[PDB]
Amino acid sequence: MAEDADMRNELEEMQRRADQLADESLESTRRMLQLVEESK
Amino acid sequence: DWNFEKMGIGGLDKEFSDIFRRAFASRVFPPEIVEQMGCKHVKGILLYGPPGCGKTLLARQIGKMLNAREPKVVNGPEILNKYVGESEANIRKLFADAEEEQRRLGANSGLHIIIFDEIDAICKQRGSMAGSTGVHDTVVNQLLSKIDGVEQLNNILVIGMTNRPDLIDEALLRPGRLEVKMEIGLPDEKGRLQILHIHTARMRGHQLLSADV
Amino acid sequence: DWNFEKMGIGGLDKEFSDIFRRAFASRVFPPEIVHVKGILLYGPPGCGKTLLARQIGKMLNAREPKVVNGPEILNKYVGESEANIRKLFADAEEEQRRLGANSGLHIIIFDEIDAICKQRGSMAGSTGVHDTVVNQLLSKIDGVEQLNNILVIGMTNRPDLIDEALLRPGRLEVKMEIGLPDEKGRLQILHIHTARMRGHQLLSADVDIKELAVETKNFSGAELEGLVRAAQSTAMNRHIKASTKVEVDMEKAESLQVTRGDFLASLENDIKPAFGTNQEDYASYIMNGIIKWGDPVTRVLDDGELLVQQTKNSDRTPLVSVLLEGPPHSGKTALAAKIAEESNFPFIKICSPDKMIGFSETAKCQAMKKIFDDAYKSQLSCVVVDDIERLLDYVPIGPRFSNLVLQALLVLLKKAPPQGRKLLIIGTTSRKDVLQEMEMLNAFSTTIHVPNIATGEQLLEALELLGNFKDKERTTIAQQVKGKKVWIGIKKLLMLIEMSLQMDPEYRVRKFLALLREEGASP
Amino acid sequence: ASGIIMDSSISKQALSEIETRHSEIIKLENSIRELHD
Ligand SMILES: Nc1ncnc2c1ncn2[C@@H]1O[C@H](COP(=O)(O)OP(=O)(O)OP(=O)(O)O)[C@@H](O)[C@H]1O
Ligand SMILES: Nc1ncnc2c1ncn2[C@@H]1O[C@H](COP(=O)(O)OP(=O)(O)OP(=O)(O)O)[C@@H](O)[C@H]1O
Ligand SMILES: Nc1ncnc2c1ncn2[C@@H]1O[C@H](COP(=O)(O)OP(=O)(O)OP(=O)(O)O)[C@@H](O)[C@H]1O
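Structure (structure tokens):
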């Protein structure tokens, strides 16, 4: 949809980025904690 | 490769002569005398009339004869957007390549055409409505500022058509913005004959028309 | 410079000098003996505001002026408008800090400032983006930190939309109105734009710039430039011929002289002033002049002259009225208009029912009241009412008429004007048998009579003054009308003369006499 | 008493605050992976 589609995609990808990257960071922290506890 | 006969417009012969006289006289003339005369080319055309005589056909054929870049079309009011202050972002995206090529190639730039279809949907009188939003005023202000602002832009040509001339705001029709304005109306006997001859050439080409017509 | 003209501007010389006096005087004045921050411009479209802004920026030796092209500050993200607005004054604040009161002057251009400034944003803006933006600008310009090295110029084509809050002292101090130039300004603009022509003698000597300046009325500079451009385009296209292909002689091209004919064609054909025109039609009430077919005309005109003299030179009779009586189709309106014209008074008007079709009683009363009220302003004036019987529409059945209009007329006929002023009233009517019944004939001071043609000699004299028949035709007319009565009005006589010139010459006189006999009668 | 009217609405993307910066935690995991190795 030209400019309309461009903006809709931009904002949808922005919400995506937010949620997905937050979840990925949470998973990374989980793995970090698990390995740190394992080494002991 | 151009000729008036190739164009399908018939019955509108004075109008085209006037448009050519008042719009393309300067560009065709050799540059030296033009510079010696120190004149500025026109930057607008307006067309109006009752529903359906020659408007869109004339605009398309005019845009299809210049050996310039492809024109940019705007089908009705497809500029509006639902986010705050984004109609302007779409308006300014039209007059974008023109400024860049003005900066790059000095004063030998080509010609850029913009065809505003149904211009009365966007550019109404300022403060006319009593609605709950004020996007139309900002759109009109941005268009007025960009068409002729402090920075001189002189390699564009804007064409507009409508069915209601009186609704346009006067500030958009002062000599310099949209000066040449024309009226297309019903034809007469010679015009009718020319039109019927234009639309019946191909059938007569291969003898598909009976002799008694 | 202060040339007032080297910048290609005209008509604002006095206001340009006033700007010099009121804006930059403090900067010009020596610092030993010792500002303006807000300048606003307004005027109708096409007057030269942007030219003033550009020349003002160029004139002073300061940094390059900054510009904003309409609403380039709005954004869809929260808080970006304020950041963009505050990005502007960083240099001003830094220079203030660095150089105290020696900071260089700064110029900020707000083109089409109406886009930002308005009476608050609409409720459906989802926030106060408009109000918060205007408040941020107001605080920055009028903050507690007071700078003296910034000048802001605003321009708009419609001042009524600017919020009043920004027009108070300390924000917008100077206001300028740019109006329509004058005849001398038109001459100056034409000279500026035709200097390039006159440099190479490409303009025909047949052109008189004074005539053009006289002709162009209510033209702004842009419209005059358009006229000149149209003339140039016509002159250029005279030498081009592009119907099969684009072609130019290239030999008979040097002449290329724009002639007065080109200017006239451009003015008449493809330009419009964009302003209305005043209409004058009072010459349409006398379409055939006045011819003295007899003595009575002289007496009527003499009485009118005496009445005018009395009203002018009287002391305790500021108001005078007269009635013009006569049979139908006798030419009473023409004589009344003539007598009004001969008075040479500053104010004259004609009240007729031709302009009131479909009006009710109240509208007629209001219109007559307006006309008389206007007439009550000049020192001495004359007013004429014709076809009274059609003003209070009267029909012999019943009879039926309008009471409100009759009472309005009877009240207005005996109301003196303000102290030391003179008014004259002339009324015309064909049937006086009714006005005497309504008691409206006693208000008028005096009455004059207008007769019909009553003798063959007068008819023949009128024919001669018209010059239609001759020789045996007139001789036979005389022979047949030297022992008969004639009762014809001049208008009816003209109608008959027009009627009888449609058949062949053999039957013309017979047809004319037959028509005269048919229409002839006695009182 | 004329009345009974309507209106239109617009919006604004107010969550401008960035989030990508705090999501680039991969390098710390890489370092601790090297430590575990
Ligand atoms: N003068 C003409 N010569 C040749 N063909 C014509 C002429 N006028 C109309 N036509 C034919 O009829 C069609 C009319 O459509 P056109 O694009 O001219 O409409 P329009 O004037 O833009 O209409 P609207 O009333 O919607 O503004 C043209 O495309 C062409 O097919
Ligand atoms: N008094 C004048 N002297 C010289 N040129 C003038 C004058 N008035 C108008 N013009 C011409 O008209 C144009 C002036 O318009 P400009 O672009 O400076 O802004 P403006 O008149 O404020 O515009 P707007 O119509 O948008 O309010 C230029 O072409 C200028 O040559
Ligand atoms: N000496 C004259 N006196 C009056 N009218 C004259 C004379 N010579 C020529 N005319 C023309 O005769 C016509 C007079 O018509 P006019 O409308 O004045 O008549 P009227 O008697 O007032 O009409 P009505 O009966 O319709 O009220 C006008 O064209 C006037 O120019």
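Protein chains in written order, with the entry's author numbering: chain I, 1 to 40; chain E, 212 to 424; chain F, 212 to 245, 252 to 740; chain H, 178 to 214.
No residue lacks a Cβ here, since even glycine has one placed at the ideal position from N, Cα and C.
- In this structure, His199(H) has its beta carbon at no less than 8 Å from each heavy atom of ligand 1.
- With the criterion set as a beta carbon lying under 8 Å from some beta carbon of chain E, the stretch 311 to 323 of chain F has no members that meet it.
- The three-state secondary structure of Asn301(F), taken from DSSP, is helix.
- Within the stretch 276 to 308 of chain F, the residues whose Cβ lies closer than 7 Å to any Cβ of chain E are, in chain order, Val284, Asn286, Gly287, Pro288, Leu291, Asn292 and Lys293.
- Relative to the Cα of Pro635(F), the nearest Cα in the group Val465(F), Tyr593(F) and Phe618(F) belongs to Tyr593(F).
- In the DSSP annotation of this structure, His417(E) is not part of any beta strand (DSSP E), being labelled neither H nor E.
- DSSP lists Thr373(F) and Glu394(F) as the beta-bridge partner residues of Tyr259(F).
- For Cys582(F), the enclosing alpha helix (DSSP H) starts and ends at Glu578 to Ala592.
- Taking a C-beta cut-off of 9 Å against chain I, the contacting residues of the stretch 197 to 212 of chain H are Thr197, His199, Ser200, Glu201, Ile202, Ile203, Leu205, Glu206, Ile209, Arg210 and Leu212, listed in chain order.
- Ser531(F) is classed as exposed because its beta carbon has fewer than 16 other beta carbons within 10 Å across all chains shown.
- Cβ-Cβ separation between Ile409(E) and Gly260(E): approximately 19 Å, too far for a contact (criterion under 8 Å).
- Cβ contact annotation for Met218(E) (same chain, cutoff 7 Å, sequence separation greater than five): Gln272, in chain order.
- Contact between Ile256(E) and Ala309(E) is absent: CB atoms are separated by about 17 Å, not below the 8 Å threshold.
- Counting along the chain, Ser598(F) sits inside the beta strand (DSSP E) bounded by residues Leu597 to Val602.
- The Cβ-Cβ distance between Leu383(F) and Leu355(F) falls below 9 Å.
- For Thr344(F), the chain H residues whose C-beta falls within less than 7 Å of its own C-beta are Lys189, listed in chain order.
- Taking a beta-carbon distance threshold of 9 Å, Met14(I) does not count as an interface residue toward chain E.
- By alpha-carbon distance to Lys587(F), the top candidate from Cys568(F), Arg314(F), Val445(F) and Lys335(F) is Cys568(F).
- Taking C-alpha positions only, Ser450(F) is separated from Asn278(E) by approximately 22 Å.
- The stretch 302 to 355 of chain E contains, as complete alpha helix (DSSP H) runs of 4+ residues, the segments 308 to 315 (chain order).
- If you draw a straight line from the Cα of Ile395(E) to the Cα of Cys264(E), it comes to about 6 Å.
- One Cα belongs to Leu621(F), the other to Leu652(F), and the distance between them is close to 15 Å.
- The closest CA to that of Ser237(E), considering only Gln353(F), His456(F) and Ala551(F), is found on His456(F).
- Secondary structure at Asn286(F): strand, using DSSP grouped into helix, strand and coil.
- With contacts defined by Cβ atoms closer than 9 Å, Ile326(F) and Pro282(F) form a contacting pair.
- Restricted to the stretch 476 to 549 of chain F, the beta strand (DSSP E) segments that are unbroken, complete and at least 3 residues in length are 536 to 542, listed in chain order.
- The three-state secondary structure of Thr692(F), taken from DSSP, is helix.
- For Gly387(E), the distance from the CB to the nearest heavy atom of ligand 2 is below 8 Å.
- Shown here for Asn292(F): same chain residues with a beta carbon closer than 8 Å to its own, the five before and five after excluded, namely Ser298 and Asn301 in chain order.
- Less than 9 Å separates the beta-carbon of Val369(E) from that of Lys254(E).
- Using a Cβ-Cβ cut-off of 9 Å, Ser179(H) does not count as an interface residue toward chain E, since no Cβ of chain E sits closer than that to its own.
- Taken in chain order, the whole alpha helix (DSSP H) runs of length 4 or more contained in the stretch 653 to 702 of chain F are 673 to 683 and 688 to 698.
- For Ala341(F), a Cβ of chain H is located within less than 9 Å of the residue's own Cβ.
- In chain order, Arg446 and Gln449 make up the part of chain F whose C-beta sits under 7 Å from the C-beta of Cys250(E).
- A Cβ-Cβ contact shorter than 9 Å links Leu680(F) with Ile714(F).
- Taking the Cα of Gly371(E) as reference, the smallest distance to any Cα among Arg403(E), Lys225(E), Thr267(E) and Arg280(E) is reached at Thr267(E).
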